[PDB]
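*Asks:* Using only what follows, build the 3D model:
(chains A, B, C, D, E and F)
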Amino acid sequence: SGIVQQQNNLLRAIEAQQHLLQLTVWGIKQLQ
Amino acid sequence: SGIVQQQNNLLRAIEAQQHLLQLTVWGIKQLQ
Amino acid sequence: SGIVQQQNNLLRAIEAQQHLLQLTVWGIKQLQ
Amino acid sequence: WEXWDXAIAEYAXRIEXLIXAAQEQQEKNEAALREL
Amino acid sequence: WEXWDXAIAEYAXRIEXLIXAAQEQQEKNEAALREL
Amino acid sequence: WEXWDXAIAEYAXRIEXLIXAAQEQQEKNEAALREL
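*Replies:* Residues are numbered from 1 along each chain as shown, chains lettered A, B, ... in the order given. Have a look at this structure:
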């Protein structure tokens, strides 16, 4: 039950990093 | 067989995010 | 023991990507 | 320009597909593990 | 400006929380797996 | 400049090392799980 609760933990970080990337691509396009 | 198929799923996202980061670092160096 | 050694492998990549993102957000704020 | 920016935003489509898959597997796996 | 840049750096706080959780679970899981 | 940009691109080397490791473990794990 721990290995799968950590698949979720990792999934949650990846998903946050994706959103954070999108805000970063946004800054770059905002400076063009 | 599902927990390991999702190690792969996560590995695939991480790997795509890496490439996407590289294109983002590329934009920044392209504006210097 | 392999599935958990790879939870760690993924955790290590995510954590490196986070730091790499932070250096990227740094470049953007450094060009404003 | 707004071609490349297409390619990149719609790879970032593909990744948000990969993060689909992983959410669906996470749900299947929880349920399936509760049953064992 | 230095409001948005607040919001973003302190989401990047939240993610470094998520990567907390995952480090703690990784440790619990190792120990717990050694015992089985 | 093209020192820092060295450090960062060749960390991004290290991460593409970590994503090596994970691909290799994914393969070992598949095979190993098929055998159990």
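*Asks:* Tell me which stretches of chain D form helices.
*Replies:* Using DSSP state H, the helices of chain D run over residues D:4-35.
*Asks:* who are the neighbours in contact with residue A:5?
*Replies:* Residues near residue A:5 by C-beta atoms under 8 Å, 6 or more residues apart in numbering or on different chains: residue E:25. C-beta: built from backbone N, CA, C; applies to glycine.
*Asks:* In what element of secondary structure is it found?
*Replies:* helix A:2-30 (DSSP states H and E).
*Asks:* which SS state does residue A:32 fall under?
*Replies:* coil (DSSP: H, G, I helix; E, B strand; the rest coil).
*Asks:* Leaving aside the residues adjacent along the chain, what's closest to it?
*Replies:* Of all residues not flanking residue A:32 in the chain, residue B:31 sits nearest, at 7.4 Å (C-beta to C-beta, 6 or more residues apart in numbering or on different chains).
*Asks:* surely that neighbour meets residue A:30?
*Replies:* No: in this structure residue B:31 lies outside contact range of residue A:30 using C-beta atoms under 8 Å: 11.4 Å.
*Asks:* residue of chain A with the smallest distance to chain F?
*Replies:* Using C-beta to the nearest C-beta, the point where chain A gets nearest to chain F is residue A:10, with a distance of 11.4 Å.
*Asks:* give me every residue that touches the closest residue to chain C within chain D.
*Replies:* Nearest residue of chain D to chain C: residue D:22, at 11.4 Å (C-beta to the nearest C-beta). Residue D:22 is in contact with A:11, A:14, B:6, B:9-10, B:13, counting by C-beta under 8 Å, 6+ apart.
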